[PDB]
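Here's the structure, in structure tokens; my notes come after.
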Amino acid sequence: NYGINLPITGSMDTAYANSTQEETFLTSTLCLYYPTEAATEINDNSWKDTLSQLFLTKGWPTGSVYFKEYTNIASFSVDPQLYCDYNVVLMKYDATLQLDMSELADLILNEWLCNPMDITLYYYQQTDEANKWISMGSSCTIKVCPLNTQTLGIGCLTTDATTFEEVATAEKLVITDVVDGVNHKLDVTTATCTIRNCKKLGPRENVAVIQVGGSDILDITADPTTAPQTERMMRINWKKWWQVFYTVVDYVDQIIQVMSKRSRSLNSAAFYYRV
Amino acid sequence: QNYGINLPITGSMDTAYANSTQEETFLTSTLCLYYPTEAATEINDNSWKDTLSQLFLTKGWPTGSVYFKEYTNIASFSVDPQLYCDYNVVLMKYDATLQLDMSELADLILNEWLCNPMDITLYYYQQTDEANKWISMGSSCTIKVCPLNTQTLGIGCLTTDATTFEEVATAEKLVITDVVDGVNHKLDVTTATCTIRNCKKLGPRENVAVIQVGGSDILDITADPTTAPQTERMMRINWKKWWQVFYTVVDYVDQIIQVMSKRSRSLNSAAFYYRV
Amino acid sequence: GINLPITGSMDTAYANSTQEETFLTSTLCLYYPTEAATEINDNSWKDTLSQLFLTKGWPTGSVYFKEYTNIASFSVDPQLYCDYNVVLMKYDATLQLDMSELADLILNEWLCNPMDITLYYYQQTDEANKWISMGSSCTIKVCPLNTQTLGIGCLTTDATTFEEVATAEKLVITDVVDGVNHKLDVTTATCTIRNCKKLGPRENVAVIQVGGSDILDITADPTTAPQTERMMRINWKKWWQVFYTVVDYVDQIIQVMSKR
Amino acid sequence: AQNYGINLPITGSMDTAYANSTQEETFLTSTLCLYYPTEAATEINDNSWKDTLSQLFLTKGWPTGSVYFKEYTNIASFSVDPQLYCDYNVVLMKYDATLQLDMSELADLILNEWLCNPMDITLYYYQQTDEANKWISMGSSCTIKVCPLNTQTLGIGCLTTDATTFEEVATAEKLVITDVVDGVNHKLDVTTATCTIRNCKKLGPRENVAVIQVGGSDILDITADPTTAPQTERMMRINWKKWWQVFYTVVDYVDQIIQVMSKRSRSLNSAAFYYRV
Amino acid sequence: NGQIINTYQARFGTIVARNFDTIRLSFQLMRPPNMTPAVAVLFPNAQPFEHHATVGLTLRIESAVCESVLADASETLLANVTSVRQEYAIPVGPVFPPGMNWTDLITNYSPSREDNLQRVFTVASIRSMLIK
Amino acid sequence: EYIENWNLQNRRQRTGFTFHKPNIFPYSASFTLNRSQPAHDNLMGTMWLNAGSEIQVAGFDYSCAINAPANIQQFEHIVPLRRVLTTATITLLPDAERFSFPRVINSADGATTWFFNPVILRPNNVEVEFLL
Ligand SMILES: *[C@@]1(O)O[C@H](CO)[C@@H](O)[C@H](O)[C@H]1NC(C)=O
Ligand SMILES: CC(=O)N[C@@H]1[C@@H](O)[C@H](O)[C@@H](CO)O[C@H]1O
Ligand SMILES: CC(=O)N[C@@H]1[C@@H](O)[C@H](O)[C@@H](CO)O[C@H]1O
Ligand SMILES: CC(=O)N[C@@H]1[C@@H](O)[C@H](O)[C@@H](CO)O[C@H]1O
Ligand SMILES: [Ca+2]
Ligand SMILES: [Ca+2]
Ligand SMILES: [Ca+2]
Ligand SMILES: [Ca+2]
Ligand SMILES: [Ca+2]
Ligand SMILES: [Ca+2]
Ligand SMILES: [Ca+2]
Ligand SMILES: [Ca+2]
């Protein structure tokens with residue numbers, strides 16, 4: 001495949017294909033993430049059986065639709081894994097974790113190229129808008145001290161650690177954006193947190209986001225200027241979860257249609273270590 | 001540019017060969033050696049990483065590029081071997097008892113597996129063809145496998161009783177279960193300490209070499225009996241002191257990296273097939 | 001083995017896959033050690049395996065299982081008479097010559113002749129001429145002979161001075177020097193030993209070795225240790241997976257065998 | 001009968017008739033030596049098994065005095081100074097399972113031509129030029145400790161004055177073939193009282209000797225290189241129950257064992273001034 | 001024949017090309033370095049591009065002198081040839097495309113097809129002199 | 001013959017030069033990888049030698065169509081000519097001899113080399129078409 005450089009021509013007068021959507025159903029898998037509050041309100045032992053029997057009539061085979069359960073958006077943010085061919089996430093909204101859904105969908109909806117960071121030795125910087133520092137763990141307290149040309153902290157002291165400028169405080173997953181082109185010093189608690197210098201590639205398109213409730217409050221881009229609403233940012237107003245699950249299983253043919261299984265990554269992870 | 005679709009690639013058979021660029025391969029990439037945790041007991045040093053990195057400096061690698069990692073044994077390295085750097089090479093002891101488990105770890109390490117999840121309670125399971133396996137990793141995997149006929153009745157087993165199932169794995173860190181293709185099976189995976197996974201090999205993994213240290217030369221990395229290909233990347237060395245093994249690796253860095261390619265899935269050009 | 005030329009021609013059409021018709025009209029036979037069925041400890045495991053063979057195109061009445069106790073007890077008289085025979089041989093590190101000479105008896109085809117040791121003296125004429133002994137205890141003492149019928153390093157009357165090549169072994173394949181006659185002291189109370197000659201190898205039976213690294217030097221010379229297409233060997237922890245691997249890959253195992 | 005050190009290009013036709021059999025004259029002219037461990041002559045139970053074998057070699061074609069028998073106690077004591085004498089050599093060695101580098105280093109000496117220079121450890125720091133340079137030490141008890149220097153004669157992980165800070169690549173071994181990294185000057189701590197170490201260069205294979213591994217699996221790694229484990233024509237292995245089968249097999253197949261070896265390329269008159277011995 | 005006969009660098013309107021058999025258009029898209037706020041919202045640095053940059057050219061040969069016969073918007077000779085071949089229900093022969101497809105005739109414009117086309121166009125010009 | 005064809009083409013009539021093994025093909029020794037990767041251990045595509053009057057083509061698959069549909073891999077090789085040949089006697093043999101022994105070959109960009117160890121099957125379903 002490695003000769004990507006040769007262009008493909010094609011023609012504007014050739015015939016359309018014969019609707020390769022039913023053959024997409026047979027040779028694919030589908031994992032829909034649901035919070036544990038769903039499985040509390042569901043009140044069934046064999047509701048995966050009921051739903052999978054309903055997925056059978058949509059064109060899927062039996063052994064294709066799996067479900068995976070997470071506790072909340074904070075615990076899913078620790079190490080989110082995308083296991084199968086088409087992933088959709090069902091996330092319940094509240095106004096508190098307003099940023100913890102924006103940065104979670106920032107991690108989930110894009111392909112990230114992450115590299116490790118040894119903050120105890122080296123001084124790191126960000127090259128352009130594309131990279132961020134994405135840090136995950138059970139508790140991340142990130143304190144960033146900016147330096148100058150002479151390796152001296154501006155408005156701070158390099159030696160003392162209490163004069164630092166904290167960016168995050170006791171957070172499961174953080175996406176820090178700092179000033180590009182300035183060497184910085186870190187106080188990430190490495191016992192419970194790993195921070196990674198990580199560039200943003202193109203978006204991952206096997207996973208869609210279903211904000212169950214609330215308002216249209218989500219962004220990918222960390223600039224204030226652009227707050228894009230992509231084709232797989234979608235939202236549902238809820239009263240019971242059964243309307244939500246029946247809504248998902250009814251409109252499978254529309255939800256896959258805004259996704260692409262070509263963006264499978266061979267690993268369930270989300271960060272592409274050591275390129 | 002132009003990812004996705006496959007293109008035919010033509011080229012003249014009288015094009016001039018390029019330069020050596022083994023220099024640039026060493027000066028660009030990384031390297032990761034994997035030794036068992038008892039090796040540093042024989043080594044008797046706390047500053048032999050500092051020593052050996054200066055030894056790797058001679059053959060073109062810079063200081064902070066060759067990386068050293070540990071593992072306790074071949075069983076607990078098989079719990080989750082996560083290899084990612086540009087060139088991985090693993091040094092494993094030859095245990096005459098742990099013959100299959102070394103072959104299992106070699107089958108995991110030397111091939112690339114597309115991997116789908118599994119739900120033991122919910123569905124009934126079958127394998128499509130010869131490249132389809134059930135890879136289960138964890139603290140203790142005990143797998144019992146119950147075949148079913150065309151009407152989902154138990155063949156030699158009873159789907160109610162988990163005792164009458166047919167036991168294929170018992171308290172093993174890493175299992176690659178191969179059953180007959182085309183028969184629906186029911187499972188008894190203890191999912192509290194284990195995780196089974198429907199995987200499918202796309203091809204070999206090329207950024208890892210296996211150096212087994214001692215013993216006789218074979219790791220059966222294929223399922224079938226009728227072949228067991230000794231590939232170019234598995235290899236064997238003899239030992240009395242570990243220092244001779246480490247010095248032999250540091251000497252023949254050039255040949256060991258020569259027999260290992262750049263892992264096609266890393267490359268930009270193979271982006272939207274299976275890894276960017 | 002024909003010797004009248006079959007001409008044939010190139011550029012003629014490849015026939016269709018007769019592998020299915022091979023499956024419908026043959027008999028496949030496993031040979032397992034007793035310790036396998038000891039760990040298996042099922043009373044109807046032949047049923048579940050035979051139905052798994054029925055999945056892969058073999059009919060119902062076409063797969064047979066026959067035990068053997070160990071490699072020593074299989075080598076006293078192995079009967080291989082199905083259309084496709086495979087054996088499952090445990091690897092013992094101590095029983096290393098015995099696996100080699102067993103697979104020599106099993107994989108190759110031998111034309112044998114009797115051997116009355118009291119009445120005659122016996123030389124090996126060919127390279128391919130060997131002496132094959134079966135029974136319960138084969139104490140084989142062989143002394144060479146000059147041209148003038150005198151013992152070389154033994155007394156040709158006294159049996160203590162002889163030179164033994166086998167001490168109470170079930171199967172022994174004895175190779176002595178060619179062109180020299182020999183006086184023999186086999187124990188014919190238990191052991192029957194014959195003058196055999198190697199024909200072309202038996203393409204009926206395959207050997208799945210089950211255990212350690214390869215040892216099989218089935219050729220009598222030190223020069224060649226050829227690993228043929230049927231010296232297969234899987235590694236193992238559980239016996240159930242050993243049978244599931246055979247049932248899955250019947251196409252690639254029948255593919256490297258032929259009928260008799 | 002001349003031009004001994006020039007390496008002239010020959011020119012041979014591809015229509016030359018094949019010569020005669022030459023095997024009978026090779027059997028009448030040259031000599032054969034058979035090296036066996038002393039456990040063989042223990043299990044053989046004879047004083048005159050040498051004459052019994054020699055008359056069987058007479059049947060095979062060799063004369064009476066052309067087949068010489070020497071022995072050794074174990075692989076470790078044969079490996080103290082292997083000096084292999086006559087025109088065709090073949091050695092029988094039993095696979096001890098616990099020693100695997102010993103047999104591979106033994107066949108690394110025996111199946112290769114080694115051009116070796118002396119060493120003085122007290123004076124010089126020694127680097128290896130390329131891959132065929134090895135450091136071969138032999139004696140009663142060798143214990144080699146290597147100290148890698150930098151480009152300033154300062155040890156890397158080793159103090160140049162202390163010998164306990166040194167690291168050992170072998171201890172208490174009869175023969176050691178040491179391979180270290182090429183281009184780095186090294187300090188040594190060989191016990192020079194009971195061990196002599198020498199600066200060796202592998203010119204090529206030795207053409208007159210085969211090694212028959214009596215029992216035990218394929219283990220032989222000649223080339224101290226992890227990627228290649230070559231299986232040449234003269235690394236034969238057989239399985240044993242009694243030794244008499246081994247001796248009758250090596251006597252029956254003389255015409256194959258002598259065939260897979262040749263005359264030694266150095267020992268000819270034609271290789272006069274290219275390292276003749 | 002691979003040689004640059006005429007070249008024109010950033011000149012529009014009517015141009016002239018004296019002798020050619022290949023036309024090479026080399027235009028480039030440059031991102032505008034100064035953009036008003038109505039333009040800067042169109043082209044973000046991130047991935048979702050709802051407005052795609054597009055740069056075009058148009059090249060229309062008004063009149064040309066060709067040594068071989070062709071068809072154009074002035075003559076009606078190809079129309080006369082196709083009218084005669086379609087009026088009398090003529091089978092497809094060895095040279096001309098089925099139905100006198102001019103796209104398939106100028107796609108593979110062989111010299112034998114060139115000779116046939118010139119002969120039949122000359123006879124069509126003769127008949128167009130007599131028959132209106 | 002040459003002055004006859006000179007005088008016939010001076011009046012624009014049909015000519016023919018009769019050639020024994022004409023040098024109609026330019027020297028083009030190259031290949032094409034329909035399936036390739038940087039490991040170069042599972043390749044698929046054609047190789048060819050166009051020289052003088054001789055085309056030697058060989059399509060290779062490393063998998064021997066073990067995952068192709070119906071265990072059949074289709075190859076194709078299209079050679080355009082520069083001038084139209086007429087009444088050609090052509091020796092068509094199978095089993096191209098030059099691409100039947102092991103060789104190492106530089107890649108398309110000339111960076112690395114890849115190994116080619118062929119075993120030869122006979123060509124199934126040969127279709128040779130002569131397009132005008
Ligand atoms: C096979 O191609 O040819 C056979 C005759 O040689 C015929 O009997 C058989 O039906 C054919 N099968 C197929 C699949 O075409
Ligand atoms: C007119 C007709 O029958 N059309 C079908 C079309 O619906 C289908 O997409 C295709 C399948 O490949 O086959 C065509 O023949
Ligand atoms: C034209 C060409 O190939 N140039 C390279 C050159 O870039 C490289 O440094 C050199 C090493 O000596 O090898 C040459 O082949
Ligand atoms: C003396 C000699 O070596 N030459 C003989 C030759 O005379 C004889 O015709 C041939 C028969 O095969 O055998 C060769 O060895
Ligand atoms: Ca501050
Ligand atoms: Ca930034
Ligand atoms: Ca059972
Ligand atoms: Ca299978
Ligand atoms: Ca005696
Ligand atoms: Ca014999
Ligand atoms: Ca040290
Ligand atoms: Ca060296």
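Numbering starts fresh at 1 for the residues of each chain in the structure tokens, the chains themselves are lettered A, B, ... in the order given, and ligands are numbered from 1 as they appear.
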(Q) Neighbouring residues of ligand 11 are defined here as those with any atom at most 8 Å from a ligand atom, counting only C-alpha atoms and all ligand atoms; list them as a list in words. (A) residues 44, 45, 47 and 48 of chain B; 147, 157, 158, 165, 166 and 167 of chain D
Q: Would you mind writing down, as a PyMOL selection string, each residue of stretch 90-176 of chain D that DSSP on the backbone assigns to strand (DSSP E)?
A: chain D and resi 90-94+112-117+133-148+167-176
Grab the residues selected above and save them as a tab-separated table (two decimals), in the first residue's frame with N, CA and C atoms.
```tsv
chain	number	residue	atom	x	y	z
D	90	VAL	N	37.39	-37.44	12.51
D	90	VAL	CA	35.99	-37.38	12.90
D	90	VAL	C	35.90	-37.68	14.39
D	91	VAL	N	35.13	-36.86	15.11
D	91	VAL	CA	35.09	-36.93	16.57
D	91	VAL	C	33.67	-37.29	17.02
D	92	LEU	N	33.58	-38.23	17.96
D	92	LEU	CA	32.31	-38.62	18.55
D	92	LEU	C	32.18	-37.94	19.90
D	93	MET	N	31.10	-37.20	20.12
D	93	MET	CA	30.93	-36.60	21.44
D	93	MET	C	29.49	-36.75	21.92
D	94	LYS	N	29.33	-37.15	23.19
D	94	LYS	CA	28.01	-37.36	23.75
D	94	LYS	C	27.40	-36.04	24.20
D	112	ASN	N	36.86	-24.90	12.18
D	112	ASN	CA	37.27	-23.64	11.59
D	112	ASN	C	38.79	-23.50	11.65
D	113	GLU	N	39.33	-22.80	10.66
D	113	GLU	CA	40.75	-22.45	10.64
D	113	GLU	C	40.94	-21.15	11.40
D	114	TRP	N	41.76	-21.19	12.44
D	114	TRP	CA	41.99	-20.05	13.31
D	114	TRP	C	43.43	-19.58	13.18
D	115	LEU	N	43.62	-18.36	12.70
D	115	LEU	CA	44.93	-17.72	12.66
D	115	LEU	C	45.04	-16.83	13.89
D	116	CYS	N	45.95	-17.18	14.80
D	116	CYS	CA	45.96	-16.56	16.11
D	116	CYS	C	47.34	-16.01	16.43
D	117	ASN	N	47.36	-14.79	16.96
D	117	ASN	CA	48.41	-13.92	17.47
D	117	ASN	C	48.47	-14.02	18.99
D	133	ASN	N	37.60	-11.66	14.36
D	133	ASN	CA	38.42	-11.59	15.55
D	133	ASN	C	37.62	-12.08	16.74
D	134	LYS	N	38.10	-13.14	17.36
D	134	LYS	CA	37.63	-13.61	18.65
D	134	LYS	C	38.82	-13.69	19.59
D	135	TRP	N	38.54	-13.89	20.88
D	135	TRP	CA	39.59	-14.06	21.86
D	135	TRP	C	39.47	-15.47	22.42
D	136	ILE	N	40.36	-16.37	22.00
D	136	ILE	CA	40.24	-17.77	22.37
D	136	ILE	C	41.24	-18.06	23.48
D	137	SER	N	40.74	-18.51	24.62
D	137	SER	CA	41.59	-18.81	25.76
D	137	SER	C	41.46	-20.28	26.08
D	138	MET	N	42.59	-20.91	26.39
D	138	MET	CA	42.58	-22.32	26.76
D	138	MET	C	43.57	-22.55	27.88
D	139	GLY	N	43.31	-23.59	28.66
D	139	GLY	CA	44.16	-23.90	29.80
D	139	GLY	C	43.39	-24.69	30.84
D	140	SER	N	43.96	-24.73	32.05
D	140	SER	CA	43.38	-25.52	33.12
D	140	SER	C	42.17	-24.83	33.74
D	141	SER	N	42.24	-23.52	33.96
D	141	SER	CA	41.13	-22.79	34.56
D	141	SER	C	41.22	-21.34	34.09
D	142	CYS	N	40.40	-20.98	33.11
D	142	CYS	CA	40.34	-19.62	32.59
D	142	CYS	C	39.23	-18.86	33.29
D	143	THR	N	39.52	-17.62	33.68
D	143	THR	CA	38.53	-16.72	34.26
D	143	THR	C	38.80	-15.35	33.65
D	144	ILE	N	38.01	-14.98	32.65
D	144	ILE	CA	38.25	-13.78	31.86
D	144	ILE	C	37.35	-12.66	32.38
D	145	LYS	N	37.95	-11.52	32.70
D	145	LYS	CA	37.20	-10.33	33.10
D	145	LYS	C	37.56	-9.19	32.17
D	146	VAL	N	36.55	-8.60	31.53
D	146	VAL	CA	36.71	-7.59	30.50
D	146	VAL	C	36.33	-6.23	31.09
D	147	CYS	N	37.08	-5.20	30.73
D	147	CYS	CA	36.81	-3.83	31.15
D	147	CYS	C	36.74	-2.94	29.92
D	148	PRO	N	35.56	-2.45	29.54
D	148	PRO	CA	35.47	-1.58	28.36
D	148	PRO	C	35.89	-0.15	28.68
D	167	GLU	N	33.97	-7.15	35.14
D	167	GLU	CA	32.88	-8.10	34.96
D	167	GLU	C	33.37	-9.30	34.17
D	168	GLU	N	32.95	-10.48	34.57
D	168	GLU	CA	33.48	-11.70	33.98
D	168	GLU	C	32.57	-12.20	32.88
D	169	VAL	N	33.18	-12.63	31.78
D	169	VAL	CA	32.45	-13.26	30.69
D	169	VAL	C	32.52	-14.78	30.76
D	170	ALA	N	33.43	-15.33	31.57
D	170	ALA	CA	33.54	-16.75	31.86
D	170	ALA	C	34.43	-16.95	33.07
D	171	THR	N	34.11	-17.95	33.89
D	171	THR	CA	34.95	-18.35	35.00
D	171	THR	C	35.09	-19.86	35.02
D	172	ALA	N	36.30	-20.32	35.36
D	172	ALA	CA	36.63	-21.73	35.61
D	172	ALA	C	36.35	-22.64	34.41
D	173	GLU	N	36.45	-22.11	33.20
D	173	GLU	CA	36.19	-22.87	31.99
D	173	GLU	C	37.51	-23.21	31.32
D	174	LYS	N	37.56	-24.38	30.68
D	174	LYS	CA	38.77	-24.81	29.99
D	174	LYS	C	39.05	-23.95	28.77
D	175	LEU	N	38.13	-23.93	27.81
D	175	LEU	CA	38.25	-23.13	26.60
D	175	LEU	C	37.12	-22.11	26.56
D	176	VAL	N	37.48	-20.85	26.31
D	176	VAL	CA	36.52	-19.75	26.22
D	176	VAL	C	36.76	-19.03	24.90
```
Q: Using DSSP on the backbone coordinates, identify the residues of chain E assigned to helix (DSSP H, G or I); present them as a PyMOL selection string.
A: chain E and resi 37-40+77-87+102-107+111-130
Give me a file of those residues, with C-alpha atoms, as an mmCIF file, in the first residue's frame.
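Generated file (selection-v9.cif):
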```cif
data_model
loop_
_atom_site.group_PDB
_atom_site.id
_atom_site.type_symbol
_atom_site.label_atom_id
_atom_site.label_comp_id
_atom_site.auth_asym_id
_atom_site.auth_seq_id
_atom_site.Cartn_x
_atom_site.Cartn_y
_atom_site.Cartn_z
ATOM 1 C CA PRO E 37 -13.425 38.197 9.686
ATOM 2 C CA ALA E 38 -15.946 37.083 7.050
ATOM 3 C CA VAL E 39 -13.192 35.035 5.365
ATOM 4 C CA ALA E 40 -11.302 33.776 8.436
ATOM 5 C CA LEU E 77 -20.234 17.675 -42.962
ATOM 6 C CA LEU E 78 -20.177 15.235 -40.035
ATOM 7 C CA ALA E 79 -23.930 15.787 -39.729
ATOM 8 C CA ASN E 80 -24.375 14.904 -43.419
ATOM 9 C CA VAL E 81 -22.253 11.745 -43.057
ATOM 10 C CA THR E 82 -24.177 10.592 -39.989
ATOM 11 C CA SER E 83 -27.502 11.474 -41.636
ATOM 12 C CA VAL E 84 -26.699 9.318 -44.664
ATOM 13 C CA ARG E 85 -25.412 6.458 -42.499
ATOM 14 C CA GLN E 86 -28.437 6.593 -40.164
ATOM 15 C CA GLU E 87 -31.122 7.168 -42.805
ATOM 16 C CA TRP E 102 -17.248 11.232 -32.636
ATOM 17 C CA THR E 103 -15.940 10.809 -29.083
ATOM 18 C CA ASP E 104 -14.825 7.260 -29.891
ATOM 19 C CA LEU E 105 -13.614 8.452 -33.304
ATOM 20 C CA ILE E 106 -11.341 11.187 -31.911
ATOM 21 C CA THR E 107 -10.321 9.085 -28.899
ATOM 22 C CA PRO E 111 -4.377 7.220 -39.781
ATOM 23 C CA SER E 112 -6.589 4.722 -41.644
ATOM 24 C CA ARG E 113 -9.607 6.234 -39.890
ATOM 25 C CA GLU E 114 -8.137 9.650 -40.756
ATOM 26 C CA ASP E 115 -7.987 8.718 -44.461
ATOM 27 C CA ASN E 116 -11.541 7.330 -44.427
ATOM 28 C CA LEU E 117 -12.794 10.413 -42.583
ATOM 29 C CA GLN E 118 -11.125 12.800 -45.033
ATOM 30 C CA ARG E 119 -12.469 10.920 -48.059
ATOM 31 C CA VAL E 120 -16.021 10.786 -46.706
ATOM 32 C CA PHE E 121 -15.892 14.457 -45.624
ATOM 33 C CA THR E 122 -14.723 15.454 -49.126
ATOM 34 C CA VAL E 123 -17.631 13.553 -50.690
ATOM 35 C CA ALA E 124 -19.945 15.156 -48.104
ATOM 36 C CA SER E 125 -18.676 18.593 -49.160
ATOM 37 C CA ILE E 126 -19.395 17.716 -52.802
ATOM 38 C CA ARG E 127 -22.950 16.592 -52.004
ATOM 39 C CA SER E 128 -23.433 19.659 -49.785
ATOM 40 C CA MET E 129 -22.586 21.774 -52.820
ATOM 41 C CA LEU E 130 -25.256 20.055 -54.903
#
```
Q: Around ligand 2, at most 8 Å away and counting only C-alpha atoms and all ligand atoms, which residues are there? Put them as JSON, numbers by chain, please.
A: {"A": [17, 18, 19]}
Keeping only N, CA and C atoms, write the selected residues as a tab-separated table (two decimals), in the first residue's frame.
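File produced: selection.tsv:
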```tsv
chain	number	residue	atom	x	y	z
A	17	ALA	N	-22.55	1.97	-7.02
A	17	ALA	CA	-22.52	0.60	-6.56
A	17	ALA	C	-23.89	0.17	-6.04
A	18	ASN	N	-24.03	-1.13	-5.79
A	18	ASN	CA	-25.30	-1.72	-5.40
A	18	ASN	C	-25.40	-1.83	-3.87
A	19	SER	N	-25.33	-0.66	-3.22
A	19	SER	CA	-25.81	-0.43	-1.85
A	19	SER	C	-25.15	-1.36	-0.83
```
Q: Using only C-alpha atoms, find the residues of chain B whose closest atom to chain F is at most 10 Å away, then write them as an MDAnalysis selection string.
A: chainID B and resid 6:21 203:206 260:265 267 269:270
**Q.** Surroundings of ligand 5 up to 6 Å, based on only C-alpha atoms and all ligand atoms, as a VMD selection string
**A.** chain A and resid 155 to 156 163 to 165
Dump as an mmCIF file, in the first residue's frame, selection limited to C-alpha atoms:
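After the write, selection.cif holds the following:
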```
data_model
loop_
_atom_site.group_PDB
_atom_site.id
_atom_site.type_symbol
_atom_site.label_atom_id
_atom_site.label_comp_id
_atom_site.auth_asym_id
_atom_site.auth_seq_id
_atom_site.Cartn_x
_atom_site.Cartn_y
_atom_site.Cartn_z
ATOM 1 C CA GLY A 155 6.249 35.108 38.050
ATOM 2 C CA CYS A 156 7.468 32.045 39.962
ATOM 3 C CA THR A 163 4.669 28.982 43.927
ATOM 4 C CA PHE A 164 3.734 26.898 40.855
ATOM 5 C CA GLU A 165 0.720 27.589 38.657
#
```
